[PDB]
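One structure is given below, encoded as structure tokens.
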Amino acid sequence: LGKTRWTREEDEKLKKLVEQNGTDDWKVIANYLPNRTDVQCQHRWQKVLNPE
């Protein structure tokens with residue numbers, strides 16, 4: 001099983017998009033990452049990738 005399982009290769013894309021734009025409207029990032037809805041992008045980042 002692997003419901004919407006994420007991979008490091010994908011995390012790099014999400015990271016780059018977040019660094020480029022920001023943790024603003026996740027809809028923008030989601031638009032650039034098909035399948036990965038704003039919920040997926042937001043969760044994957046704010047809930048895991050958050051260097052702070």
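By order in the structure tokens, chains are A, B, ...; within a chain, residues start at 1; ligands start at 1, following the order shown.
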Expected answer as a list in words: helix (DSSP H, G or I) residues in chain A: residues 8, 9, 10, 11, 12, 13, 14, 15, 16, 17, 18, 19, 20, 26, 27, 28, 29, 30, 31, 32, 38, 39, 40, 41, 42, 43, 44, 45 and 46 of chain A
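Excluding segment 7-11 of chain A and any residue on its chain fewer than 4 positions from it, the residues at most 10 Å away by only C-alpha atoms are residues 15, 16, 17, 33, 36, 41, 44, 45 and 49 of chain A.
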Resulting file, chosen residues, N, CA, C and O atoms, as a PDB file, in the first residue's frame:
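Saved as result-v1.pdb:
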ATOM      1  N   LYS A  15       9.861  21.397  -2.591  1.00  0.00           N
ATOM      2  CA  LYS A  15      10.795  22.270  -1.905  1.00  0.00           C
ATOM      3  C   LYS A  15      11.149  23.455  -2.799  1.00  0.00           C
ATOM      4  O   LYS A  15      11.029  24.600  -2.381  1.00  0.00           O
ATOM      5  N   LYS A  16      11.586  23.174  -4.031  1.00  0.00           N
ATOM      6  CA  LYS A  16      11.978  24.211  -4.972  1.00  0.00           C
ATOM      7  C   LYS A  16      10.836  25.211  -5.181  1.00  0.00           C
ATOM      8  O   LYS A  16      11.065  26.418  -5.174  1.00  0.00           O
ATOM      9  N   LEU A  17       9.611  24.709  -5.373  1.00  0.00           N
ATOM     10  CA  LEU A  17       8.453  25.566  -5.603  1.00  0.00           C
ATOM     11  C   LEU A  17       8.170  26.435  -4.375  1.00  0.00           C
ATOM     12  O   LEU A  17       7.846  27.614  -4.518  1.00  0.00           O
ATOM     13  N   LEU A  33       2.036  21.144  -9.589  1.00  0.00           N
ATOM     14  CA  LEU A  33       2.235  19.738  -9.241  1.00  0.00           C
ATOM     15  C   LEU A  33       0.914  18.972  -9.388  1.00  0.00           C
ATOM     16  O   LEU A  33       0.193  18.807  -8.405  1.00  0.00           O
ATOM     17  N   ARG A  36      -0.937  16.197  -6.924  1.00  0.00           N
ATOM     18  CA  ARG A  36      -0.659  16.693  -5.587  1.00  0.00           C
ATOM     19  C   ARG A  36      -1.508  17.929  -5.317  1.00  0.00           C
ATOM     20  O   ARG A  36      -1.109  19.047  -5.636  1.00  0.00           O
ATOM     21  N   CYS A  41       0.188  19.054  -0.832  1.00  0.00           N
ATOM     22  CA  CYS A  41       1.364  19.917  -0.821  1.00  0.00           C
ATOM     23  C   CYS A  41       1.541  20.549   0.560  1.00  0.00           C
ATOM     24  O   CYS A  41       2.626  20.488   1.139  1.00  0.00           O
ATOM     25  N   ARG A  44       2.326  17.775   3.267  1.00  0.00           N
ATOM     26  CA  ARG A  44       3.662  17.260   3.036  1.00  0.00           C
ATOM     27  C   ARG A  44       4.713  18.247   3.534  1.00  0.00           C
ATOM     28  O   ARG A  44       5.715  17.832   4.104  1.00  0.00           O
ATOM     29  N   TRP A  45       4.501  19.550   3.323  1.00  0.00           N
ATOM     30  CA  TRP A  45       5.475  20.533   3.747  1.00  0.00           C
ATOM     31  C   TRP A  45       5.279  20.922   5.219  1.00  0.00           C
ATOM     32  O   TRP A  45       6.054  20.509   6.072  1.00  0.00           O
ATOM     33  N   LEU A  49       8.236  18.758   6.073  1.00  0.00           N
ATOM     34  CA  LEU A  49       9.355  19.616   5.673  1.00  0.00           C
ATOM     35  C   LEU A  49       9.115  21.039   6.165  1.00  0.00           C
ATOM     36  O   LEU A  49       8.382  21.794   5.538  1.00  0.00           O
TER      37      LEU A  49
END
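For the set A:47, A:30, A:6, A:1, the residue with the smallest atom-to-atom gap to residue 18 of chain A is A:30, counting only C-alpha atoms.
Atom pair atom CA of residue 50 of chain A / atom CA of residue 5 of chain A has a distance of 18.5 Å (rounded to one decimal).
If you look at atom CA of residue 26 of chain A and atom CA of residue 42 of chain A, they are 6.4 Å away from each other.
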